[PDB]
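Each protein sequence line maps, in turn, to chains A and B. Letter by letter, the first sequence follows residues 16 to 34, 37 to 67, 69 to 125, 127 to 130, 132 to 183, 184A, 184 to 187, 188A, 188 to 204, 209 to 217, 219 to 220, 221A, 221 to 245 in PDB author numbering. Under PDB author numbering, the second sequence has 49 at position 49, and the numbering climbs by one with no breaks. Data block below; observations after.
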Amino acid sequence: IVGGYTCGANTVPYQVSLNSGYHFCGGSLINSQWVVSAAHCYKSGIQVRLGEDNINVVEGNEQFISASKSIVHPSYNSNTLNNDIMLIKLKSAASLXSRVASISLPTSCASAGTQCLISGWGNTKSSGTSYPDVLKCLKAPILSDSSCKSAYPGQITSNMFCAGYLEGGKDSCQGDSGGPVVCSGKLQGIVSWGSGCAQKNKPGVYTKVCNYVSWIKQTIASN
Amino acid sequence: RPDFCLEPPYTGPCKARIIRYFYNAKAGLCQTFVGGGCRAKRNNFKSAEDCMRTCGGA
Ligand SMILES: [Ca+2]
Ligand SMILES: [Ca+2]
Ligand code: NA
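What follows is the structure, encoded as structure tokens:
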């Protein structure tokens, strides 16, 4: 997260870290046994780390649970990045309380201008590299489909949306993928891609979760 | 033909922070870099062994 702020220990209870010997992606807990992340975050031997703040130190509220299933959307296109969503089943149910909690799926899509909370342990620099110990947060608005397409000609599908600030300086970055974009208590997006990070005229692109609600519910229930 | 082993490492547009390997012709060895998770070029390996086998001596 570039241009953000320190969330505070466990202030984003649904945020999880995907670990494969180190942190490589984020995710959002939607129930005691399931996590939503990005399809490009599909990796081998994933371990989900819940209740995390400082990703480099054991603080006492962590729950490390291995992934028992990692289901990439059947229509994920690795070239266009369309349908960039993945569902991870936890090998054992996570203990939910305040520090570890699920986030609700949307009942309807969000409109342009809606303020959302984006979080993660990704790069905090637009130029260069610096990864935080603690979870970072960022308030950013959902942008119009028209502005998103103008920023990325011939690249934005109906399953993607832009969010951020066109002047640059605030954005999600490498290490944030799979993480949440929560608006009014609903998980509306998944950190996906963008041209660099926090660059002028290049807002972050996110997977439009509201288009997958039925698929998410049915897939989870059938696994 | 252009040797893909001599192309600079490409993180890509996706925002994962996956540690991958690329052959650094200047240093003469396979080094680590951050792969974003999508649109990978060929000088992007999962291990030092894969990188050395494919690009060693380039
Ligand atoms: Ca910790
Ligand atoms: Ca290296
Ligand atoms: Na802390």
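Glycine residues also receive a C-beta, built at the ideal position from the N, C-alpha and C atoms.
Taking 5 Å as the limit, tell me which residues put their C-beta closer than that to any heavy atom of ligand 2, in chain order. Working through the chain, the matches are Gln31/B, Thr32/B.
Any C-beta of chain B under 8 Å from that of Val154/A: It does not; no Cβ of chain B falls within 8 Å.
Taking a contact to mean a Cβ-Cβ separation below 8 Å, would you say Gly69/A touches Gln81/A in this structure? In contact: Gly69/A and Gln81/A (Cβ atoms closer than 8 Å).
Is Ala40/B near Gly12/B, with beta carbons less than 8 Å apart? Closer than 8 Å, so yes.
My understanding is that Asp189/A touches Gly18/A, with C-beta atoms under 8 Å, so please give their C-beta distance in whole angstroms. With 8 Å as the limit, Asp189/A and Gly18/A qualify as a contact, their Cβ atoms being about 7 Å apart.
Out of curiosity, what's the CA-to-CA distance linking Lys156/A and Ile16/A? In a straight line, the C-alpha of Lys156/A is about 6 Å away from that of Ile16/A.
Neighbouring residues, chain A, relative to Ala16/B (Cβ below 8 Å): Using a Cβ-Cβ cut-off of 8 Å, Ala16/B is close to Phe41, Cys42, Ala55, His57, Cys58, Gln192, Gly193, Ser195, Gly196 of chain A, given in chain order.
Look up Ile238/A in the DSSP assignment and say whether it is helix, strand or coil. Note: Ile238/A maps to helix in three-state DSSP.
Keeping to the same chain, check which residues put their C-beta closer than 8 Å to that of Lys15/B; ignore five residues upstream and five downstream. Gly36, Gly37.
I'd like the list of long-range same chain contacts for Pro9/B, defined as Cβ closer than 6 Å, with 5 residues on each side in sequence excluded. Only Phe22, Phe33 meet the Cβ criterion.
Taking DSSP's pairing of strands, which residues face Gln31/B in a bridge? Paired residue(s): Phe22/B.
Judging by CA-CA distance, which residue of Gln240/A, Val75/A, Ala243/A, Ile83/A is the nearest neighbour of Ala112/A? Of the listed residues, the one whose Cα sits closest to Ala112/A is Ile83/A.
Count the other CB atoms within 10 Å of the CB of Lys239/A; is the residue buried (16 or more) or exposed (fewer)? The residue is exposed, with fewer than 16 neighbouring Cβ atoms inside 10 Å.
So what's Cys232/A in DSSP terms, helix, strand or just coil? DSSP places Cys232/A in helix when its eight states are reduced to three.
Taking 6 Å as the limit between beta carbons, can you name the residues of its chain near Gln192/A, skipping five residues before and five after? If we look at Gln192/A and ignore the five residues flanking it on each side, its Cβ neighbours are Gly142, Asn143.
Proximal residues, the stretch 17 to 39 of chain B versus chain A, C-beta separation under 8 Å: Shown in chain order are the members of the stretch 17 to 39 of chain B whose Cβ falls below 8 Å from a Cβ of chain A: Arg17, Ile18, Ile19, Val34, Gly36, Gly37, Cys38, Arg39.
Excluding sequence positions up to five away, which residues of its chain have a Cβ less than 6 Å from the Cβ of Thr177/A? Contacts found: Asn100.
Measuring only between beta-carbons, confirm whether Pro13/B sits less than 8 Å from chain A. For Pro13/B, the answer is yes, since a Cβ of chain A falls inside 8 Å of its Cβ.
Kindly indicate if chain B contains any beta-carbon less than 8 Å away from that of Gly174/A. Taking Cβ atoms only, chain B never reaches closer than 8 Å to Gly174/A, which makes this a no.
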